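Read the single chain below, which is given as structure tokens and is the form deposited without the named molecule.
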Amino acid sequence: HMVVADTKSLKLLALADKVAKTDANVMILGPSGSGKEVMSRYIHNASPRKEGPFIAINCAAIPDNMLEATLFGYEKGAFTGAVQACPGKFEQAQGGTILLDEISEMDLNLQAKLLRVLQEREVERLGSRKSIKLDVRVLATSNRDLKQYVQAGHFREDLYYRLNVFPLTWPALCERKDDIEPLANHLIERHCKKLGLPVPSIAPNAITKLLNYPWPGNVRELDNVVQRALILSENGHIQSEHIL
């Protein structure tokens, strides 16, 4: 799930263990593609809502301006092309948890709607007046300083405070170097199992190579380097290409 070793990273998980027991909103900060995904899934699994549903949406990746319709759902005719009814992500997360990835990418109007969801514990689909009662635990993510974003007038202050009771900052890779190697081995394992392949190991000098690179792209970059290495082929031996 999430295996790690840097002491700083262990402290974060201990922190995550404390909020997990409660139903507080968690904000996960840090660079994108740095592994915030599993920390979210980790929190849900440690929470009383573990058996409930876990729903994730990436607010920075929904095409055709469909973000708002995805979250809130809609009735037929709510907008051009709404040719059927569809339930929102919140409705799907009922009794469980919802992850709102890259939340800083919602427009102000959308933030106002999210704010009403949070304080009212209810949601209404687009083109509908009926409110649907909600029992949902909210996790979110931002790769931005949200306070800064508030002060620049792009993020609502009242929403910032409701989403920020318990911020956890997930470090970049270069400031938890002890997590490289268990991460890399986990990436290998993951990739080979999915392809139905024996999982190889990483020679010590490749490890060193991996430990002494700053990882501008963090884990997304690491996962790339590692998949490339497997192509250059099995049991990895300074088949590690950074920027050569």
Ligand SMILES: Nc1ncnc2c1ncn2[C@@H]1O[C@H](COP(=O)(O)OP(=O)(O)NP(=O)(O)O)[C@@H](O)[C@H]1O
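The first residue of the sequence shown is number 1, and the count goes up from there.
What comes next is about the form solved in complex with the named molecule, which is not displayed.
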If you drop the named molecule in as it sits in the deposited complex, superposing on the site C-alphas, does this form leave room, or do 3+ ligand atoms land within 2.4 Å of backbone or C-beta atoms?
blocked
Identify which of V219, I43, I180, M27 has a heavy atom within 4.5 Å of the named molecule in the deposited complex; exactly one of them does.
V219
Could you spot which one of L211, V38, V199, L195 gets a heavy atom to within 4.5 Å of the named molecule in the deposited complex?
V38
Looking at the partner-bound form in the deposited complex, is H186 within 4.5 Å of the named molecule by any heavy atom?
yes
Is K50 close enough to the named molecule in the deposited complex to count, meaning some heavy atom within 4.5 Å?
no
Partner contact for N143 in the deposited complex: the named molecule, 4.5 angstroms, heavy atom:
yes
With the partner left out of view, is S32 within 4.5 angstroms of the named molecule in the deposited complex by any non-hydrogen atom?
yes
Given a 4.5 Å distance limit between heavy atoms, list every residue of 92 to 131 close to the named molecule in the deposited complex, or none if there are none.
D101
